[PDB]
Ligand SMILES: OC[C@H]1O[C@H](O[C@H]2[C@H](O)[C@@H](O)[C@@H](O[C@H]3[C@H](O)[C@@H](O)[C@@H](O[C@H]4[C@H](O)[C@@H](O)[C@@H](O)O[C@@H]4CO)O[C@@H]3CO)O[C@@H]2CO)[C@H](O)[C@@H](O)[C@@H]1O
Ligand SMILES: OC[C@H]1O[C@H](O[C@H]2[C@H](O)[C@@H](O)[C@@H](O[C@H]3[C@H](O)[C@@H](O)[C@@H](O[C@H]4[C@H](O)[C@@H](O)[C@@H](O)O[C@@H]4CO)O[C@@H]3CO)O[C@@H]2CO)[C@H](O)[C@@H](O)[C@@H]1O
Ligand SMILES: OC[C@H]1O[C@H](O[C@H]2[C@H](O)[C@@H](O)[C@@H](O[C@H]3[C@H](O)[C@@H](O)[C@@H](O)O[C@@H]3CO)O[C@@H]2CO)[C@H](O)[C@@H](O)[C@@H]1O
Ligand SMILES: OC[C@H]1O[C@H](O[C@H]2[C@H](O)[C@@H](O)[C@@H](O)O[C@@H]2CO)[C@H](O)[C@@H](O)[C@@H]1O
Ligand SMILES: [Mg+2]
Ligand SMILES: [Mg+2]
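Residue numbers (the entry's author numbering): 5 to 759.
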């Protein structure tokens with residue numbers, strides 16, 4: 005490019021910047037092509053073009069002006085790129101604003117979609133505000149290849165679309181522009197299928213929806229509704245390895261954490277809506293908005309010291325009682341709590357406060373509701389046609405046809421959409437086995453094996469691998485967490501190594517072993533020391549997340565206090581010891597709302613939590629306990645830098661099963677950061693209990709779960725204890741400790757203390 009052209013841009017004289025900025029084809033070679041990407045980035049010193057799916061980065065060069073950049077690249081296709089932009093001492097990574105000239109679908113969009121590789125298809129399918137033939141309006145587009153006809157109905161043409169029939173392209177997608185409408189437009193697709201039947205559909209790619217039980221999509225100007233402030237959090241994230249950091253997750257269901265009064269409007273970010281009543285049986289109550297949650301949940305979590313909040317699914321879902329796990333608007337956060345910009349604000353505020361957001365994501369299935377994806381075009385479009393792989397009969401839901409391109413695409417782009425539009429920091433997938441197995445909850449003769457006569461759902465495995473490969477390339481630094489409950493190997497290993505490519509995996513064995521263990525009367529725990537120690541046998545085959553989740557405190561399993569034997573005192577003690585052990589045991593942490601203040605009742609998704617218990621001392625004390633524990637966790641490198649290396653852990657001794665005592669070391673990079681942890685899992689204190697340590701000196705008591713400030717009896721070692729040169733458990737030195745009742749101690753050597 006020339007200097008006159010550059011200057012036209014800099015001084016805003018150019019007639020159409022899309023001719024020059026963006027990605028443009030320079031020439032076609034035999035095997036590859038030459039492209040140029042250009043960007044005008046005022047205030048940027050430097051820039052790069054990222055080709056995330058090829059795993060490449062190329063620098064851009066200033067040309068004629070220091071903020072006008074060009075990059076020339078040779079590669080056959082150049083569909084997927086990002087700009088990395090450096091403004092002084094900060095870097096951001098963004099999609100190229102000048103990537104798409106036109107709001108309508110191109111031949112390139114359609115081709116890519118048909119191959120299943122349009123990672124940004126949501127920019128073109130759905131509904132977008134736009135200009136065509138010189139007129140402001142909305143462009144609508146929708147995949148329905150076997151439909152006979154499709155129209156658009158809504159407020160603007162009183163729900164009759166005779167004059168708004170849509171043009172069908174490449175025998176696959178239906179499109180239409182409508183002038184003079186804008187965001188807020190309420191609408192659906194009127195589809196007539198191959199048999200004359202004329203059903204209505206919510207927009208599969210729609211970005212906002214009416215409040216359940218209504219289901220009309222609403223048009224959002226999604227790139228012009230909210231102003232972010234999280235550049236620095238995003239940079240820190242992209243350049244960090246979250247597996248070597250502390251990660252204590254507070255799991256939350258937004259609809260049932262706290263309610264407000266339905267006798268008032270729900271405040272939003274600079275606005276307000278009509279309240280959404282939580283149910284007809286509790287009509288005095290409403291949900292809080294994303295906005296109100298940003299104001300109440302976030303500082304509450306900040307205070308507790310958790311690093312992350314994980315949300316049960318917020319994609320639009322018709323029925324509260326599904327907990328979110330039956331989704332019908334995969335491209336919108338639920339209107340129960342307000343608008344897309346309100347959730348943006350929620351995520352932005354988390355980031356301002358140093359807190360990550362993880363979303364439960366549900367690509368495994370979708371319900372039969374007729375507003376949604378089922379039998380979409382009058383065929384089995386999204387679901388597999390054959391119910392032996394296309395239906396989950398015990399759930400009454402449909403399974404996505406992962407081998408169908410436009411379906412894979414819908415899902416692969418969907419996961420990316422949450423990281424792109426809403427800046428989230430991780431996803432989790434419930435019930436991964438349900439995707440992995442052709443025989444999932446099906447008995448002999450109602451399932452067909454794969455090609456090679458195995459149980460493996462081959463299209464599913466391959467969708468999962470692609471999803472995770474892509475996520476980490478596009479947004480390095482995120483968490484992709486799985487719960488897979490069948491011993492399937494290499495879940496949290498990279499696709500390269502024959503993994504499924506998640507980076508963390510819930511340890512469900514550890515959860516069963518610990519809750520089974522703590523549920524036994526202390527006296528009999530001697531018969532079950534292996535519950536305590538077994539998880540470390542297979543521990544290194546995966547990167548484990550220690551999760552004690554919402555699933556474990558419903559449907560008659562009790563909340564955590566109620567799982568524990570003994571009187572009130574011993575019940576809180578057992579909670580303290582279990583969670584102290586959890587936070588010291590290798591792996592990342594997840595725990596569910598209500599557990600941190602000792603709720604008695606099971607989680608009830610129709611009400612809110614029992615906040616009034618925080619008026620009382622024991623509940624307050626338990627909450628302080630968790631507050632200090634999270635504070636410690638963040639503060640002590642040995643508790644997070646080496647969760648997943650052998651160096652990070654070693655048992656000191658685990659043979660005293662008679663007193664249900666175990667002890668171990670955690671280590672980090674610096675050996676002065678090493679910690680000694682000792683657990684006493686009965687209410688029998690011990691008085692001169694000897695534990696091998698590996699160096700001499702004063703070991704400070706960093707933490708003692710029996711402290712009276714936490715509800716304990718206050719037995720302890722009075723701040724710490726000098727080692728003895730008295731060999732024990734194969735170690736040169738040893739400590740002669742008080743073990744408080746039902747309690748855990750964390751000690752560290754202070755190698756500069758006065759002998
Ligand atoms: O200080 C003198 C005593 O110190 C040591 O006692 C220990 C116990 O060995 C531990 O078990 C624990 O006691 C708990 C007890 O387990 C629990 O059930 C509960 O008992 C209460 C009970 O709630 C109440 O209704 C009534 O029975 O009074 C009891 C209070 O003592 O709560 C106890 C904790 O308060 O911790 C204590 C104190 O550190 C030592 O072992 C004893 O020999 C000694 O007498
Ligand atoms: O009565 C007061 C007594 O207090 C002290 O004894 C303690 C020890 O300090 C503790 O460490 C523990 O003993 C455990 C021991 O730690 C554990 O390893 C296991 O020992 C097995 C051993 O592993 C096995 O290889 C073999 O050698 O037999 C050993 C003996 O069982 O189990 C021990 C407990 O059964 O608790 C005791 C108290 O019971 C103090 O040092 C004693 O001298 C004092 O009498
Ligand atoms: O004030 C009138 C009315 O407004 C609201 O109803 C809207 C619906 O929620 C919305 O879905 C839409 O309804 C259409 C269906 O989705 C569609 O499938 C088809 O059958 O036509 C319907 C419209 O005729 O539009 C209505 C109308 O605005 C609000 O929910 C009502 O309480 C209120 O009565
Ligand atoms: O053009 C017919 C048909 O083609 C596409 O389907 C692919 C399918 O996605 C693959 O998994 C594989 O089985 O081959 C098919 C033919 O290429 C579309 O998915 C479909 O809508 C369309 O009508
Ligand atoms: Mg499950
Ligand atoms: Mg309540």
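Backbone N, C-alpha and C define an ideal beta-carbon position, used for all residues, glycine too.
Leaving out five residues on either side along the sequence, give the residues of the same chain with a beta carbon under 7 angstroms from the beta carbon of residue i.
i           : result
residue 276 : 269 and 270
residue 436 : 486, 487 and 488
residue 634 : 252, 308, 309 and 310
DSSP has residue i in a bridge; who is on the other side?
i           : result
residue 65  : 74
residue 532 : According to DSSP, which records beta bridges pairwise, residue 532 is partnered with nothing at all.
residue 255 : 314 and 596
residue 703 : 725 and 753
residue 690 : 743
residue 156 : 193
residue 171 : 179
residue 485 : 432 and 508
residue 52  : 63 and 88
Could you check what DSSP says for residue i in three-state terms: helix, strand or coil?
i           : result
residue 412 : helix
residue 594 : strand
residue 658 : coil
residue 712 : helix
residue 628 : helix
residue 501 : helix
residue 401 : strand
residue 37  : strand
residue 138 : coil
residue 276 : strand
residue 265 : strand
residue 370 : strand
residue 509 : strand
residue 680 : strand
residue 493 : coil
residue 564 : coil
residue 388 : coil
residue 240 : helix
residue 641 : helix
Out of the options, which has the shortest C-alpha to C-alpha gap to residue i?
i           : options               : result
residue 411 : 394, 452 and 524      : 394
residue 209 : 95, 293, 230 and 375  : 375
residue 480 : 31, 34 and 59         : 59
residue 118 : 90, 148, 142 and 495  : 148
residue 739 : 86, 727 and 733       : 727
residue 707 : 16, 280, 628 and 159  : 628
residue 159 : 223, 259 and 196      : 223
residue 258 : 317, 695 and 304      : 317
residue 549 : 518, 70 and 508       : 508
residue 753 : 680, 717 and 353      : 680
residue 402 : 392, 93 and 5         : 392
residue 221 : 207, 227 and 232      : 207
residue 251 : 644, 123, 539 and 691 : 644
residue 596 : 536, 205 and 261      : 261
residue 303 : 272, 734, 631 and 758 : 631
residue 723 : 734, 704, 711 and 43  : 704
residue 178 : 721, 188, 196 and 164 : 196
residue 577 : 26, 687, 502 and 543  : 687
Using a Cβ-Cβ cut-off of 8 angstroms (strictly less than) and excluding sequence neighbours within five positions of residue i, which residues of its own chain qualify?
i           : result
residue 325 : 609 and 610
residue 737 : 696, 697, 698, 699, 700, 727, 728, 729, 730 and 731
Ignore the nearest five residues each way along the sequence and tell me which others in residue i's own chain have a CB closer than 6 angstroms to its CB.
i           : result
residue 113 : 128
residue 438 : 368 and 444
residue 523 : 567
residue 355 : 234 and 237
_Residues with C-beta closer than 6 angstroms to any heavy atom of ligand 4, in chain order_ = 149, 407, 408, 409 and 410
_Environment of ligand 5 in chain order, Cβ to heavy atom below 7 angstroms_ = 434, 435, 487, 489 and 555
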